[PDB]
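Residue numbers (the entry's author numbering), protein chains in the order written: chain L, 20 to 238; chain R, 1 to 317; chain B, 25 to 340; chain G, 31 to 66; chain A, 4 to 58, 183 to 230, 242 to 288, 295 to 354; chain H, 21 to 238.
Where is the CB? At the ideal position from N, CA and C, for every residue including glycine.
One structure is given here, and the rest of the page talks about it.
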Amino acid sequence: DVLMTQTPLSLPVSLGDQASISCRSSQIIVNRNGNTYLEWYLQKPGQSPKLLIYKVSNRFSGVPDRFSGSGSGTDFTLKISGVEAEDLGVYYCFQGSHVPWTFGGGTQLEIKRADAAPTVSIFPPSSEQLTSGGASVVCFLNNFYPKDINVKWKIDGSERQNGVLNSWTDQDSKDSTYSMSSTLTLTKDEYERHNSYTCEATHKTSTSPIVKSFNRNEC
Amino acid sequence: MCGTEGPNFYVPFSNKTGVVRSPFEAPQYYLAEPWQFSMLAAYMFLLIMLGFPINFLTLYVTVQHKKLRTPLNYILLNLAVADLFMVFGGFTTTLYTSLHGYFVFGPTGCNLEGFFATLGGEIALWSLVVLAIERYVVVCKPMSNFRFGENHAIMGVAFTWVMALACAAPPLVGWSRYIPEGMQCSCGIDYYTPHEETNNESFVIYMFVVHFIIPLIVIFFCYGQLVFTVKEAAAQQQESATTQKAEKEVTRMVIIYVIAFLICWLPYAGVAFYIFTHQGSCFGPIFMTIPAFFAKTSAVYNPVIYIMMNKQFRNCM
Amino acid sequence: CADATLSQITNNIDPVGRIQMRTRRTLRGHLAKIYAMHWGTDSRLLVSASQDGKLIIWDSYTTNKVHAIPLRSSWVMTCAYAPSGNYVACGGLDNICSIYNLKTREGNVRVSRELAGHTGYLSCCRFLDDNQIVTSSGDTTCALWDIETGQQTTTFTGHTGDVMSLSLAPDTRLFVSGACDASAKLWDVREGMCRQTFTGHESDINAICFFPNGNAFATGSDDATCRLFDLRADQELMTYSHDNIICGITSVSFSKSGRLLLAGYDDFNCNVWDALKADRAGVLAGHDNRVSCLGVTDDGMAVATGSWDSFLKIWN
Amino acid sequence: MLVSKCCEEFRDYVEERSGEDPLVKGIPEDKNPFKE
Amino acid sequence: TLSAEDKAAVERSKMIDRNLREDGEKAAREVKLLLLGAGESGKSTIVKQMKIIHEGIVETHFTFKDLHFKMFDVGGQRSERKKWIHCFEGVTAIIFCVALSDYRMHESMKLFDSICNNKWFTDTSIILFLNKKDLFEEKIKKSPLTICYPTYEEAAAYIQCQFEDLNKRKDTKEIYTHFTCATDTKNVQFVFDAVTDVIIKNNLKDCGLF
Amino acid sequence: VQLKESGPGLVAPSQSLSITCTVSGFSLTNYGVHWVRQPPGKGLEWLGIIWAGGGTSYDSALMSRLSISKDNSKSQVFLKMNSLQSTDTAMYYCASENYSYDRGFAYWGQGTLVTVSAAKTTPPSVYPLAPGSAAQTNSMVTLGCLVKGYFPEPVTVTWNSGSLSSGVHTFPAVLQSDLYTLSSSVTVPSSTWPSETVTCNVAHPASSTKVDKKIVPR
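Listed below in structure tokens is the structure:
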């Protein structure tokens, strides 16, 4: 019933910087044949985990040499020598000595960059859904960094947040920015009661909120 | 006018032209055109890629499956070993010499090659002799009240190694000599010149008696009596279908064995025998290119005849 | 009560992994097919029975033969070694069991007793001491004899089929025997009545042997499924089977601690299983025919295997 | 009898003395009585 | 004393090896057969005929034409034979005596199937010793084989067919049919040709051709 | 060495799940195979392992409902898991164990999402989202697709059949009455659209609905 508690929980790391990820089990673990099994798995968001270090310190074939595996007793550490775009993901330390075997809690490694203002665009309702009897107003908040962001929908100056459907994205590998969904789906008549809609966003890059609106009277 | 006499060698090719050289030195392209050594070497490589496969694979299979490890199979394991000697002492060093035109490893490498080659060939010969003797005693039942067990199989194998060394080793101590014969890429017994220091006359007669007349007489007598017996039995039980079948098959196999043995050895046998009774002679390329090639390839076509047709190796091919 | 399975109980135990046993000996000299074996308590002397009418007593350490007995009859299929090393026994389809004394006359050998009277073939005969012996008869009955008197001092009834094999408890007070009824039966050797019976098998129990603690045994079937039974459970605890080969099991025996259980098949091999987790711990290969019997030394240092190949192999 | 108790005594009897395994002390010619 | 015991052990191992070699050659020279057949089917009568020709288990032994023969008769043995009774693997042939008029045919078919289930007894010569052949021929005139199974040539054809249906080894398995005959002149030569054929077939099979 | 998994994407609650992870590149009798599931957006959980010789070791919680069996000849290992619940919605991974690397799981299965729900396979709906006259006044004009009312996961939305890779924004599906809605986006200048063809590829293999939409003005 050993638990792998991993630290640090989430640590921003610049490109090329070195990072230390150490995990210490709830109990001292050594296999009865004299070995100790700590294995470090890097998992991209939504993918299968990939092994980095087998047998505490040995790199597997194909594992980049920029990963350094070491540690003894209850302390184990993976060190990164050069951080590239492929370093984004979650890192788990795994023990294979005492069953049931357990994974680490995962470390959120993120890539820093210079601040960039979010891109806000609005979309007119699609003609096909208009034919089917629906109309969904779509607003996209693209490439805001860091995660800090606030969502507000305005309908001809009327505050609206009920019925708003939002989704959040992970930090991209190529651009290393956060994006968030803001789509409002409602009935035909409720969409028809108003002629314009306002999409209000709050971000740190500008003290003035970015605003976007579109006209229903134009297709 | 007859052949080229050397100290450490004897080349069966006349020096009256002044062309001949040592077989350890110059590529021998005045013995035969380089197209001839090209096809020769390629054909030798072919026989490498058939002989070493079968003969090594037999041992490997015997290692993997210990079911084949029975007393009766010992003389075939011996045969395989013999032919691998023929593979390395013969085919590999022939590759490394015919690629050049002349024998590279010195007269000491000549002794090593001649020894391991002749040892393999003689082990194969007596492996076939032992198989014939064993099958003769078991089926024909010549000896009154006798058995053939593992004691006899061990004595038989040991006897094949004793006799093989009793033939291959004397040229290493001073009774005949290993020299390049034929196309001068392969070293073998000096059967074609006289040399009182090495007692060639006594060695050839020794060869002729223990390793020719006795083996041919035993194989001919035994298989003749066996065929007579099987024919007589088939004659008497006219209505037994399976017996007529068995008759035909045994006779087929006996005929295969005899023809295999004649193809394998009567080239060398006839050449050596006519050398023996016709001391007044001198032979040319036609004969230096038929028995060493054709006789040596028996290292190929005895594994075919006795391994491939055997249904446990047809099931391995 | 099969409330769980052994693998569930031993879940927190790691496998021993690939067990690698080496060949230490190759006992050659037998002329015909070997059918039985038994270790002496000294782990040095062993007895082998072959159809050539021969019972040979070999010294394991020095690889040399110590005794060689020509039997009366060539149908021997069982042999046992006295714990004190003073006696040997042989027998088979001839319904007669011949017992020889060793430490009375040396060099030569004497047939101290011949047990005749059985109505069924002898499939297994086992010593208890220097004066008692249990024989397996295929008439659905077994027999306990006193060697000095030569009589069926006790008869074992309860099986409904031809008895193939038996094995004594390590303390030699209880023995389990299997017959053609696809059932195994536990017996007290002095009491000889069917206490517990185990059914479910599709064919004859071709193999049976005891666990070193004398609390469990194994069975071999024709469908290549070795089975582990407990004396008190009255039901199987583990099944060790391979589907791809349909040859039956011939003999079983356990390692000294019992972590490892040996069982040979007609597929020319024997499989040794991690008895705790049903894991195929290792494979013993090398016999030139089907395996006929095998055993472990009482001190457990090495295992001996006798097969139809007429050779015994010792593994460490 | 109940199988689980048999399983537990089985496991204890193994783990108490499973040490005769050559994977424990190795395969040495020196202390092996069955050597050449 | 230990060194003396070591040398004595080496010497006794050697002379035991010699004894085992000589015993093995002597035993392999003699040929054993297991005699079988239905109870009182004519096994004893054939035994008397063979004794005339040549001169719970029971043993018989004799010598003829330089070869030593020995047959053992199992007799009473209450066991499931069809399962494992094949432990006599290695015999030159399997001999069975049938009293022809005493038939049972389904039991014989089952026994044949049990023999066929053994791969080397699928390729093993089977000898049938037919006793009471005159009685069989006399009763078969008005009581055909339908007495046991609810024209001569075709009827024997389907008989051989249903015998051979499970047999896939026509080449390596031949039925050697013998009758009871007092005339020794034909008996000796036919015994000789039977043994000649069977040993030649066994040797050719040992040769590994097919 | 490759491990390939195949299984039913949607399974009714309390039924039996049969997952096959056909292995390659190694002898199945000499290596272990693992089972690990990952619920959406959570850390990994351990299920069990079958060892080289056929022995089994499971997670202490899941012996009773998990069954690992294999056919060594076909290089096929089968997971029989009974009494499924909604929490079983996860990407189930088969992971190899190499003894020579001493308990290191070199290779993991690609994973197959298994859904425990009563909803039926519903084909996806596609709508082209081109900016309107009020929304076309930006220096950069955004294009995308909305997928409303599909089931089950996943829909792999590729832009120009995967040839257009710059600026692709796919959003994770959002729970809406057990009907899942995801979105898509591109970042393209006014020169890219409508001058150059951009098509919207919606791939939903469950119903095999494949739609390619050239983006047109509203």
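Residue i (DSSP reduced to helix, strand or coil)
i: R179 (chain L); result: strand
i: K230 (chain H); result: strand
i: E33 (chain R); result: coil
i: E216 (chain A); result: coil
i: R252 (chain R); result: helix
i: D83 (chain B); result: strand
i: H188 (chain A); result: strand
i: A235 (chain R); result: helix
i: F283 (chain R); result: coil
i: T24 (chain L); result: strand
i: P291 (chain R); result: helix
beta-carbon residue i near the ligand NAP non-hydrogen atom, thresh 7 Å
i: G284 (chain R); result: As presented, the structure is devoid of all ligands, the ligand NAP included, so that no description of it is given.
Beta-carbon separation (whole angstroms), residue i vs residue j, contact threshold 8 Å
i: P180 (chain R); j: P23 (chain R); result: 4 Å
i: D290 (chain B); j: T274 (chain B); result: 7 Å
i: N340 (chain B); j: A326 (chain B); result: 5 Å
i: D246 (chain B); j: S227 (chain B); result: 4 Å
C-beta contact flag for residue i and residue j at 8 Å
i: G164 (chain H); j: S205 (chain H); result: yes
i: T86 (chain B); j: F335 (chain B); result: no
i: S197 (chain H); j: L166 (chain H); result: no
i: residue 3 (chain A); j: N347 (chain A); result: Nothing about residue 3 (chain A) can be read from this structure; chain A reaches only from 4 to 354.
i: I141 (chain L); j: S45 (chain L); result: no
i: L23 (chain H); j: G152 (chain H); result: no
i: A328 (chain B); j: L95 (chain B); result: no
i: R47 (chain G); j: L300 (chain B); result: no
i: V296 (chain B); j: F241 (chain B); result: no
i: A234 (chain R); j: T243 (chain R); result: yes
i: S98 (chain B); j: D76 (chain B); result: yes
i: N230 (chain B); j: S265 (chain B); result: no
Within chain B, the residues that residue i reaches when beta carbons sit closer than 7 Å
i: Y121 (chain H); result: Chain B residues near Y121 (chain H): none, gap ~13 Å exceeds 7 Å.
i: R69 (chain R); result: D312
Contacts of residue i in chain B (Cβ-Cβ under 8 Å)
i: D42 (chain G); result: Correct list: empty, because the minimum Cβ distance to chain B is about 10 Å.
i: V118 (chain L); result: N35, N36, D38
Interface residues of chain R facing residue i [CB-CB closer than 8 Å]
i: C325 (chain A); result: Result: empty, since nearest Cβ-Cβ is about 17 Å, beyond 8 Å.
Residues that residue i contacts on chain H, provided the C-beta gap is smaller than 7 Å
i: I141 (chain L); result: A155
i: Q32 (chain B); result: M83
Beta-carbon neighbours of residue i, restricted to chain R and to distances below 7 Å
i: residue 71 (chain A); result: Because chain A is numbered from 58 directly to 183, the model contains no atoms for residue 71 (chain A).
Under 9 Å by beta carbon: chain B residues contacting residue i
i: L23 (chain A); result: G53, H54, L55, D76, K78, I80, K89, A92
Contact list for residue i against chain R, beta-carbon separation under 9 Å
i: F292 (chain B); result: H65, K66, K67
Report yes or no: do the region 49-57 of chain H and the region 142-151 of chain H share at least 3 C-beta pairs separated by less than 8 Å?
-> Short answer: they don't touch.
ask   = Are at least three pairs of beta-carbons, each pair with one atom in the region 193-213 of chain R and one in the region 33-40 of chain R, less than 8 Å apart?
value = no
Item to complete: Inspect the CB distances between the region 85-102 of chain L and the region 31-38 of chain L and report whether three or more fall short of 8 Å.
Response: yes
- prompt: Three or more C-beta pairs closer than 8 Å, one from the region 43-63 of chain L and one from the region 110-117 of chain L: is that the case here?
  reply: Cβ pair count under 8 Å is three or more, so yes.
*Contact between the region 304-313 of chain B and the region 246-253 of chain B: three or more CB pairs below 8 Å?*
Segments in contact, no.
Requested in this report: May I ask you to verify whether the region 6-15 of chain A touches the region 208-227 of chain A, counting CB pairs closer than 8 Å and requiring at least 3?
Outcome: The region 6-15 of chain A, when compared against the region 208-227 of chain A, does not touch it at the 8 Å Cβ threshold.
| request: Evaluate contact between the region 53-67 of chain B and the region 111-126 of chain H, counting only Cβ atoms and requiring at least three cross-stretch pairs below 8 Å. | output: no
Counting pairs of beta carbons, one from the region 152-161 of chain L and one from the region 116-129 of chain L, are three or more of them closer than 8 Å? no
Say whether the region 196-205 of chain A touches the region 139-154 of chain B, bearing in mind that this needs 3 or more beta-carbon pairs closer than 8 Å, one atom from each stretch. yes
| message | Closer than 8 Å is the cut-off here; do at least three beta carbon pairs connect the region 220-236 of chain R with the region 201-210 of chain R? | response | no
The region 206-223 of chain L contacting the region 169-176 of chain L, beta-carbon criterion three pairs below 8 Å = yes
- prompt: Is the region 30-44 of chain H touching the region 57-75 of chain H in the sense that three or more CB pairs, one from each, lie closer than 8 Å?
  reply: No, the region 57-75 of chain H is not in contact with the region 30-44 of chain H.
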